[PDB]
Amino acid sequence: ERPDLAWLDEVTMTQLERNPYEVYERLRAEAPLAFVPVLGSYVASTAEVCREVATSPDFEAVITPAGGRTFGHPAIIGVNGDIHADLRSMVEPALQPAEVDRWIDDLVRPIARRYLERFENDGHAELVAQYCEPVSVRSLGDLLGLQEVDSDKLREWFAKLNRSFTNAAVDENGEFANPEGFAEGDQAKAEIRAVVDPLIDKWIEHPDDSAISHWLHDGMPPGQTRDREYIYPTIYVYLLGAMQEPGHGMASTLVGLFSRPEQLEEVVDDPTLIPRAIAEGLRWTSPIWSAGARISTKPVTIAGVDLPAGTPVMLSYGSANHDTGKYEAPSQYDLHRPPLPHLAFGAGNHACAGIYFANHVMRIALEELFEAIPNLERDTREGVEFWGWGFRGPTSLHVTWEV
């Protein structure tokens, strides 16, 4: 529709998944709020527009079309008002900083050690599959009450949910271009139900200290539980992003550090720098890159565009975190970048509920890795490819070390 952006008509979904930076660098300059035809939605690409939409009283939560097809209702990311307040009150207790501090070390450190012990003497590893993803999913899985679900299975589920959630391509008429791409998400949800329904059955009668047990029972009248259909979409929210993103973040941090070998050495020598390294990693490749959306509740003007009420806007936080209005050479990883705010955890009422937990999982995991393999080196015989528009991270991370 917008004449000077007619080039956007030729942007493909594959291009956004493999490398969205070049298109989004153009958007941040030409149209910070732009309608992207293949996504069928306005997209916010700069830090100012993302922050404004995410915090505006004239926007509220919505799920993208493919996200809604994947999760249904009421997913915590896509609801408002009394339902959202209830779901936030449901998930927040185990995520409270003072609560996390009581058990996070005893949770993650033995998990990290267990996975490291399988390969720390090999001289070679593929860290995404052998370390980052397993530690991420085993940590949260145990917190949730899914101790009996293998990390292989948790990893398969978040991968299938990822592909379904981000199956966003639409054709001329706004219809999904890849309707068969939701089937593996449906297959994952069916498997999840088969595993989790018996656990919910027993937690209803025998509550325990698992997070999902508390989701059923906390704040409810005596002898009542939240209905499982009411909580399952938020379970899916966790089994996608909460399972995937800490692993994405630590892997992207490592890739960034490998790109700056002097900085990798610094961090290995001084592990108190790991939190700073992770924060730059999340800015540099944001795990939740463009998954979330908001919808306008009244006519509103954003970046010079007059949006009617009812207009969805996708929040491309991963682009916002390369805003050259804020950062110098954002495409480069730099441990010594001056600490500034970033949007990798979103903003506003629907900002990430698990920041403190997530940052601790990534920090402990990197601590234990650099302890066990101080001479870690990137396998330069291999290249690192990143994949994902909605959720983005490296697809593998081959490393080596002298044994």
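Start at 1 and count along the sequence shown; that's the residue number.
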Next on the checklist: Which is higher on mean Cα B factor in this entry, 236-244 or 302-310?
Outcome noted: 302-310
Next on the checklist: Please compare 351-359 with 338-346 and name the stretch with the higher mean C-alpha B-factor in the deposited structure.
Outcome noted: 338-346
Next on the checklist: Take the CA temperature factors straight from the PDB entry and tell me which of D86, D269, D227, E280 peaks.
Outcome noted: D269
Checklist outcome for this item: One of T70, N375, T55, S41 has the largest Cα B-factor in the entry, namely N375
Next on the checklist: Ranking the modelled residues of this chain by C-alpha B-factor as given in the entry, is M13 in the lowest, middle or highest third?
Outcome noted: middle
Checklist entry - Taking the entry's C-alpha B-factors for this chain, is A194 in the lowest, middle or highest third? => result middle
Next on the checklist: Please say which third, lowest, middle or highest, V62 falls into when its CA temperature factor is compared across its chain.
Outcome noted: lowest
Next on the checklist: How does the C-alpha B factor of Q147 compare with the rest of the chain: lowest, middle or highest third?
Outcome noted: highest
Checklist entry - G256's Cα B-factor: lowest, middle or highest third of the chain? => result middle
